[PDB]
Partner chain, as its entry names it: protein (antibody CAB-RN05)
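Only one chain is included here, represented as structure tokens and corresponding to the form solved without the partner chain.
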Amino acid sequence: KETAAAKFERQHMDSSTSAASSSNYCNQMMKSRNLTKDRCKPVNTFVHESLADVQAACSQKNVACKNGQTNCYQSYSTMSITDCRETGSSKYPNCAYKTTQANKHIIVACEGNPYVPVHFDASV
């Protein structure tokens, strides 16, 4: 099985581009990261920063997660992110995504040793 930290990396990291290329960024990335394999993941955010900077958020501002857990952290600085969400025309096996690029703080849940990101909670 995939570890929690590795699943977070695969689903949420894109350190190779500074920001979403075109409107087709999400269709390509959701496919590349295997998030459209058996079904279309409905919503998924990619962060365009180094893995180190995203991991460093786990020692930044401790805040509540939406589900009430207390292991969430909000990055002190804004980061380049792209939110990918299915459009109305999306239907497996023909997934289709809207690409929205933004610069916002990220909120992640962290766990383990090393204490690293295991869930992407929200962007602010």
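Positions refer to the first chain, counted from 1.
K.L.:
I need to verify one thing: averaged over C-alpha atoms only, is the B-factor higher for 110-118 or for 14-22?
P.N.:
Here the higher of the two C-alpha B-factor means belongs to 14-22.
K.L.:
Per the record, averaged over C-alpha atoms, which has the higher B-factor: 71-79 or 39-47?
P.N.:
The stretch with the larger average C-alpha B-factor is 39-47.
K.L.:
In terms of CA temperature factor as recorded, identify the highest of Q28, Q60, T99, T87.
P.N.:
Of the options given, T87 has the highest CA B-factor in the PDB entry.
K.L.:
Ordered by C-alpha B-factor within the chain, which third holds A64? Give me lowest, middle or highest, please.
P.N.:
It falls in the top third of the chain.
K.L.:
What third of the chain does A4 rank in for C-alpha temperature factor, lowest, middle or highest?
P.N.:
Middle third of the chain for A4's C-alpha B-factor.
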